[PDB]
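The residues making up each chain are set out below.
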Amino acid sequence: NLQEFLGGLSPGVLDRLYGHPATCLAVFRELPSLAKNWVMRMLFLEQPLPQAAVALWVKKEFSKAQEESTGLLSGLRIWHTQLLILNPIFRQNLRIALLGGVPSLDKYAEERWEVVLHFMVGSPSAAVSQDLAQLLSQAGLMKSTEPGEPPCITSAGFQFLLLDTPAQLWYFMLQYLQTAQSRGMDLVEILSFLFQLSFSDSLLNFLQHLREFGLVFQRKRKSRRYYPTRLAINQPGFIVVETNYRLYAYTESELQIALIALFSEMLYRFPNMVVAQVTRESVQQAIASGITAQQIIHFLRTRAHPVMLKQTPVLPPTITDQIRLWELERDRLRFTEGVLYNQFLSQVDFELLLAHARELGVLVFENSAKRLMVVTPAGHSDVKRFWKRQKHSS
Amino acid sequence: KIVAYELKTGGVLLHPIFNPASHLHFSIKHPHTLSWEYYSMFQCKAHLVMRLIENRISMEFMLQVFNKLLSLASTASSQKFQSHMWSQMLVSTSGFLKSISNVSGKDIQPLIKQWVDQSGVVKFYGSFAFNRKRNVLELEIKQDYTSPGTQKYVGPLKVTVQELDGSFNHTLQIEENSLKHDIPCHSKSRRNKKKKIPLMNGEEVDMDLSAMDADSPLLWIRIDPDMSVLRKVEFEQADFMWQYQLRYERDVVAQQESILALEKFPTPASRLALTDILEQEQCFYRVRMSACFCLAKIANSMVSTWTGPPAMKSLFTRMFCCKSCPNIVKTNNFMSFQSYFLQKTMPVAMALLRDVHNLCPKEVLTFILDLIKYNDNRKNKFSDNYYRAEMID
């Protein structure tokens, strides 16, 4: 979440990131419940106040909200104890932020994201962009290993594909920022633009990437002014599930049919409907590719036709249980590397050796009834020496 | 006795050749320059080497050798010729070996060269490992031949392995460069069904196999069981193997060496093993007399773990006191000669008990004083002087 992203930052980057135009407001909106008011309170104070007052300024009931808010805002470093006055820079910027100092767009965003997902999947026809391809490859959801051949899809790719559009886009942008730092694009400058949206060379490239993702559209041959789409700031279902593992999806966009075929066997494709079967073969194929039953169940639930919404639960228990059981049947046997000594003789002497391999992290399984211990070959040169020392001690 | 003396100072040299032994502070050319401890160990080593010659050449041939010597001497003893024939009454080494070679057809010259002419004993350090994959027992026997009293053994060596299918003997060839000896192991199908495990003799017993390893069939190993060399063995078994060897063996020297090796394992299973040995008539009495002192040492080592009364006290009141009065000892009847020896050796070991404060407990001292007060000897046909002397001890 954005709270996690901002918490994972240093004070030096934080105070700089607290830009005048929007950041002080975007980070304010994050404040879940109460930190809004206390910050507002001490927006006009130039004198720090004792911590005991803040501690006692919440009733005995619902105090956990007080501690959690205080910890969150301490991590954000909005104030300093100074002994709890807010940061002067944040105070000034917040005062400046508080009385101081479309139908085609959404369709465009939808179409651009749909073509992006088409390229993500093995679609023969898709938008071509080397920068987008390499960005997705380095995002960790795609690996090529051969420039001539089109890149394939990794295990994480299917999991990302089956996610809902909001979380999908949010995670994609999180990876975009993380890779922006790696490629050298300043993180603060690009981050501030996202906050400003909800109200330089690097800026131009970042805006180009956002437009490629479909969040923004200049509409004027790449002019300075931009009109963000709905997705920039941050629908009814169509699948009907039977009790015989049959899916009837009212899908016209090929993306939905591809997503369903990822974990189901397609039977018929009507102009406004498609019939598929959720069989062991398809489900286990998806599980081997990397998906887990949770993503499939969530996908079917979110894309649930209104007809089946009346019944509770929406997804039939038999279908859900069958999918879960199919995923569970996937793993049984294991693999590890180890070495076994034996003849530990004295009972109280074997108990001391068990703590040597457990602290170093080379112990797999033990046995106090037969005096047997398995030691991995990675730490064999350290356990033997200890045993020798013990023998010398006698 | 001899391995202690030979590792202490040099070695005893039977049949020297005229100095032949310069590791020791007197000359062995004459009997009147020998130390008295050397004379005692000389006679001791001589009769053990004769037992070794009986081991190589069987006992009936040995008695035939002795009868041939005596018969030559008694035909010599009746002549009147002044020593033309009276020197057949004098034996030598060459004449003894020639008479052995006459009666048996085998000569013992390697055994004579090793244990008579060479003056040393051997030291064996053994450790085993059971290979579960190939079902073999990999022994590892190394000798300490650089000590002052020792020598190097290169002959064959008997080893006796008790597995679940029975007791099997194996002969190992221990050359100078040898270290690992792989012997084969049998099944473990007497743990699938409860059947009795057959022993070294023809009998078979019920064993509690809960302490045994699940993967190994072998219950105990004994390196050189018949004492066929002049040796000191230091074998590294597991403590349950020593307890099985103490309980179910039909050899007293193996029970004694398991008592001697159980002092290093003070676990309560070893206390149960020695207590079951102590309670057991039809055990040899000198094994139970050793188990008293071993139980005292183990009890001293597991203080702040010991649950009930002091060691052997309840066992003494169960074996030798009245049923109606536990602290009054029975009146002395010493006609059994094995519970007499055990009765007079059990408080002597019981007095070596110590508390957490390193002082003998006042429960054992009071018990010994009540053994002294309530002693009545007006009824047995035997005297009480050794039992009372052991009470003072």
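As drawn, each chain counts its residues from 1 in written sequence order, possibly unlike the entry's numbers, and residues without coordinates are not displayed. Each chain takes a letter, starting from A, and each ligand takes a number, starting from 1, following the order in which they are written. This view holds some of the chains of a larger assembly, and the values cover only those chains. Side-chain numbers here rest on the full set of heavy atoms in the structure, without hydrogens or water.

- The PDB entry annotates chain B as Transcription initiation factor TFIID subunit 2 originating from Homo sapiens.

- Per the PDB entry, chain A goes by the name General transcription factor IIH subunit 4 and belongs to Homo sapiens.
- What UniProt records for chain A under Subcellular location is the sentence "Nucleus".
- UniProt's Sequence similarities comment on chain A is quoted here verbatim: "Belongs to the TFB2 family." UniProt positions are given in the numbering used here, feature names are shortened, and annotations may be inferred rather than shown by experiment.

**Remarks on the overall build of chain B**
Then, in step 1: Looking only at helices and strands, chain B features 13 helices and 9 strands.
Then, in step 2: Considering only C-alpha atoms, chain B reaches an extent of 80 × 65 × 40 Å along its principal axes.
Then, in step 3: Burial classes follow relative accessibility: with a 1.4 Å probe on protein chains only, a residue under 20% of its type's maximum area counts as buried, one over 50% as exposed, and anything between as partly exposed. A total of 393 residues make up chain B; the buried ones form 43% of that total.
Then, in step 4: In the structure as shown, chain B presents an accessible area of about 21,200 Å², 54% of it carried by carbon and sulfur atoms.
Then, in step 5: Here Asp and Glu are counted as negative and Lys and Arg as positive; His is not counted, and neither are the chain ends. Here the site of a charge means atom NZ of a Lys, CZ of an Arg, CG of an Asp or CD of a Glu. Put simply, chain B has 48 plus and 39 minus side-chain charges, and the middle of one group is 4 Å from the middle of the other. Helix and strand assignments come from DSSP, with helices taken as H or I runs of at least 4 residues and strands as E runs of at least 2, each series counted from the N terminus. Residue-level accessible areas treat just the shown protein chains as cover; the underlying method is Shrake-Rupley with a 1.4 Å probe.

**Details of the pattern of salt bridges**
Residues and elements named next belong to chain B.
Then, in step 1: Counted as salt bridges are all cases of a side-chain nitrogen of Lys or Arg within 4 Å of a carboxyl oxygen of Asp or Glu. By the definition in use, this model includes 23 salt bridges over all chains.
Then, in step 2: We note a salt bridge from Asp251 to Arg222, for which the minimum N-O separation is 2.4 Å. Residue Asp251 is found in the loop between α6 (239-248) and α7 (252-261), and its partner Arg222 is found in strand β8 (residues 218-223); the two are separated by 29 residues along the sequence. We note that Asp251, like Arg222, is buried.
Then, in step 3: Between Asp384 and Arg388 there is a salt bridge whose closest N-O contact spans 4.0 Å.
Then, in step 4: Its relative accessible area of 4% is what places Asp384 among the buried residues.

**Some thoughts on the interface of chain A and chain B**
Then, in step 1: Residue contacts are defined here by distance: any two heavy atoms, one from each residue, within 4.5 Å place the two residues in contact. Listed by partner, the interface residues are 8 residues for chain A and 13 residues for chain B.
Then, in step 2: Buried area between chain A and chain B, both sides added, is near 880 Å², and the carbon and sulfur share of it is 52%.
Then, in step 3: What gets called buried area is simply the loss in accessible area from a 1.4 Å probe that two parts show on being joined, summed for both. On the chain A side of the contact with chain B, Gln343, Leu345 and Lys370 of chain A bury the most area, a combined 62% of that side's loss.
Then, in step 4: Where chain A touches chain B, the interface holds 1 salt bridge.
Then, in step 5: Any pair of N or O atoms that falls within 3.5 Å is considered a polar contact. Within protein, one atom must be able to donate a hydrogen and the other to accept it, and sequence-neighbouring residues count only if both atoms are side-chain atoms. Counting the contacts that link chain A with chain B gives 1 residue pair in polar contact.

**Topic: a nonpolar patch on the surface**
Residue and element names in this part refer to chain A.
Then, in step 1: Residues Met40, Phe44, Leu45, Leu98 and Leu99 make up a contiguous nonpolar surface patch of roughly 540 Å² in combined accessible area.
Then, in step 2: Mapping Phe44 onto the fold places it in the loop between α4 (35-41) and α5 (51-56).
Then, in step 3: For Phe44, a relative accessible area of 54% corresponds to the exposed category. Two joining distances apply to patches: 9 Å for like charges and 5 Å for nonpolar side chains (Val, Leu, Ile, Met, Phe, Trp, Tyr), and every residue must have over 30% relative accessible area and no salt bridge.

**Some remarks on the nonpolar core**
Then, in step 1: In this structure, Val39, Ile78, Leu191, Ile239 and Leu300 of chain A are the most contacted members of the largest nonpolar core, which totals 91 residues.
Then, in step 2: Top element by residues in this core is helix α12 (residues 187-197) of chain A. It accounts for 7 residues.
Then, in step 3: Contact partners of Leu191 of chain A, with chain neighbours within four places excluded, come to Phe5, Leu6, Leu17 and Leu177 of chain A.
Then, in step 4: Throughout, nonpolar core names a set of buried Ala, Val, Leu, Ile, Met, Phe, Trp, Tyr and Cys residues whose side chains join them through atoms within 4.5 Å. Of all hydrophobic cores here, the second largest spans 60 residues; its members include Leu24, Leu139, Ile197 and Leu218 of chain B.

**Observations regarding the sheet that holds strand β5 (residues 239-241) of chain A**
All names here are of chain A.
Then, in step 1: Pairing between two strands requires that DSSP report at least two bridges joining them. Taken in spatial order, the 4 strands of this open sheet run β5-β6-β8-β7, and their pairing is antiparallel. With one partner strand each, in any of the chains shown, β5 and β7 (265-270) form the two edges of the open sheet. Between one strand and the next, the sheet's axes are offset by a mean angle of 20°, whatever the strand orientation.
Then, in step 2: Of the pairings in the sheet, the one linking β7 to strand β8 (residues 273-277) comprises 5 bridges and is antiparallel in character. Its bridge partner being in β8, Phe270 is matched across the sheet by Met273. In this description, a line fitted to the C-alpha atoms serves as the axis of each element, helices being fitted only across the stretch in contact, and the angle between N-to-C directions of two axes falls anywhere from 0 to 180 degrees.

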